[PDB]
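Structure, as structure tokens:
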Amino acid sequence: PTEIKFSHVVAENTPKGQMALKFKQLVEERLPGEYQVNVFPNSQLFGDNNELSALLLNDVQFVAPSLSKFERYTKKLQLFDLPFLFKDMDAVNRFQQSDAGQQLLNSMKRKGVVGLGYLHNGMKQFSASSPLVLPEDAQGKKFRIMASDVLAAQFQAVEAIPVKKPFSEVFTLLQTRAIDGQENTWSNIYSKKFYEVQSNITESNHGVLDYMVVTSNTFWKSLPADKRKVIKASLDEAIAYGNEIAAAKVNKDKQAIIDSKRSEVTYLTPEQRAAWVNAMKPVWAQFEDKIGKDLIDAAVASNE
Ligand SMILES: [Cl-]
Ligand SMILES: [Cl-]
Ligand SMILES: [Cl-]
């Protein structure tokens, strides 16, 4: 059988982890003995910094990075890092499924990267070893971020110190107190046990963590059309599965964290939320020329 490799950086019991495993199941059911899919979770094969290079080198055939991690290939996907751009996951999905959103799947083709679909995780929440109620509380704290200039600007706007690090290192950096805080979805905070060493989480919903499932032109073109159709259908169905898992994990993992008693969740008043928005919104003007103001206008419009 022709081997297909799918590599990602998350734990198995997560929306992306389950997506990849479902994709394996469906492909192997439909094309038995023709294609086998080997899934490599937890950065076992490639991690944040080298996965896209590996993809284009055809050392791996599918990856699904955070939309934050594509700056080397397009400046447009930085849109998804803008603070308080999307109110909630309904707006995210409306944007992603619109013409404007769908066009972004093709934003990197001229560089060899084929966009196959969006996959959800969830809204991001701040955590630290001290309460984060107003933006002033972030002053002087070190936060790990995904490798994104927008996210660096986000934390610089509140006089915090952002450090770009691969996802596989975050637990250890929190454990050793090399950083004070981070931002992530409930699913990652829970599945990677960040909550065990973060006494405070704020339900800030201040950005989105979603993915684009991608492959290389090299691999995609190499498939016979009829097999590609089956593989694409299998991928799409796996994505829908992953999205259902993503939605479920928001509530389930938030609850599990609260039940553990290891972390105290803070909820923001409208005026507290407004203070974060006002502190961080200026980041957008920094990036708007490269992202595209019209693209930003489309994203804002998805909130209606
Ligand atoms: Cl994870
Ligand atoms: Cl990693
Ligand atoms: Cl999609």
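Residues in the sequence shown are numbered from 33 upward in steps of one, following PDB author numbering. The beta-carbon is built from N, C-alpha and C at its ideal position, and this holds for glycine as well.
Taking all protein chains shown into account, decide if residue i is buried (16 or more other Cβ within 10 angstroms of its Cβ) or exposed.
i: residue 135; result: exposed
i: residue 65; result: exposed
i: residue 98; result: buried
i: residue 334; result: buried
i: residue 83; result: buried
i: residue 301; result: exposed
i: residue 287; result: exposed
i: residue 280; result: exposed
i: residue 120; result: exposed
i: residue 70; result: exposed
i: residue 10; result: Given that the chain is displayed from residue 33 to residue 336, the structure contains no residue 10 and the question cannot be resolved.
i: residue 163; result: exposed
i: residue 186; result: buried
i: residue 181; result: buried
i: residue 257; result: exposed
i: residue 184; result: buried
Could you check whether the Cβ of residue i sits closer than 6 Å to any heavy atom belonging to ligand 4?
i: residue 200; result: Ligand 4 is not among the ligands present in this structure, which contains only ligand 1, ligand 2 and ligand 3.
Could you pull the start and end residues of the alpha helix (DSSP H) that residue i belongs to?
i: residue 61; result: 47 to 62
i: residue 83; result: 83 to 88
i: residue 274; result: 257 to 292
i: residue 244; result: That residue, residue 244, is in no alpha helix (DSSP H); its beta strand (DSSP E) goes 240 to 248.
i: residue 223; result: 218 to 223
i: residue 328; result: 325 to 333
i: residue 35; result: Residue 35 -> not in any alpha helix (DSSP H); beta strand (DSSP E) instead, spanning 34 to 39.
i: residue 203; result: 202 to 207
i: residue 112; result: Looking at the DSSP string, residue 112 is not in any alpha helix (DSSP H), and its letter there is neither H nor E.
i: residue 187; result: 181 to 188
Note down, in chain order, each residue of its chain lying with its Cβ closer than 7 Å to the Cβ of residue i, except the 5 sequence neighbours on either side.
i: residue 176; result: 195, 197, 202, 205, 211 and 214
i: residue 107; result: 322 and 323
i: residue 138; result: 147
i: residue 229; result: 206 and 207
i: residue 112; result: 99, 100, 240 and 242
Might you give, ordered along the chain, the residues of its own chain that have their beta carbon closer than 8 Å to the beta carbon of residue i, omitting 5 neighbours on each side?
i: residue 266; result: 55, 58, 59 and 62
i: residue 290; result: 297
i: residue 172; result: 191, 192 and 193
i: residue 304; result: 165 and 166
Using CA coordinates, which residue listed in the options is at the minimum distance from residue i?
i: residue 105; options: 229, 168, 125 and 146; result: 146
i: residue 189; options: 318, 93, 326 and 199; result: 318
i: residue 224; options: 192, 242, 35 and 49; result: 49
i: residue 143; options: 170, 102 and 41; result: 102
i: residue 242; options: 170, 160 and 218; result: 218
i: residue 199; options: 208, 220 and 207; result: 220
i: residue 79; options: 233, 123 and 96; result: 96
i: residue 37; options: 76, 126, 81 and 92; result: 92
i: residue 161; options: 123, 126 and 234; result: 234
i: residue 178; options: 81, 282, 246 and 336; result: 81
i: residue 40; options: 271, 264, 227 and 73; result: 73
i: residue 141; options: 292, 249 and 320; result: 249
i: residue 325; options: 184, 110 and 75; result: 110
i: residue 226; options: 159, 262 and 183; result: 159
i: residue 292; options: 232, 270 and 237; result: 232
Which same chain residues, not among the five before or five after residue i, have their C-beta less than 6 Å away from its C-beta?
i: residue 114; result: 316
i: residue 128; result: 150
i: residue 284; result: none
i: residue 117; result: 331
i: residue 68; result: 33 and 35
i: residue 239; result: 115 and 156
i: residue 94; result: 38 and 247
i: residue 126; result: 334
Taking residue i as part of the beta strand (DSSP E), name the residues at either end of that continuous run.
i: residue 70; result: 67 to 72
i: residue 154; result: 145 to 155
i: residue 234; result: 232 to 235
i: residue 195; result: 193 to 196
i: residue 296; result: 296 to 299
i: residue 176; result: 174 to 177
**Asked** Does the region 304 to 316 come close enough to the region 244 to 255 to have 3 or more Cβ pairs within less than 8 Å?
**Response** no
**Request:** Report yes or no: do the region 291 to 307 and the region 77 to 90 share at least 3 C-beta pairs separated by less than 8 Å?
**Result:** Cβ pair count under 8 Å is below three, so no.
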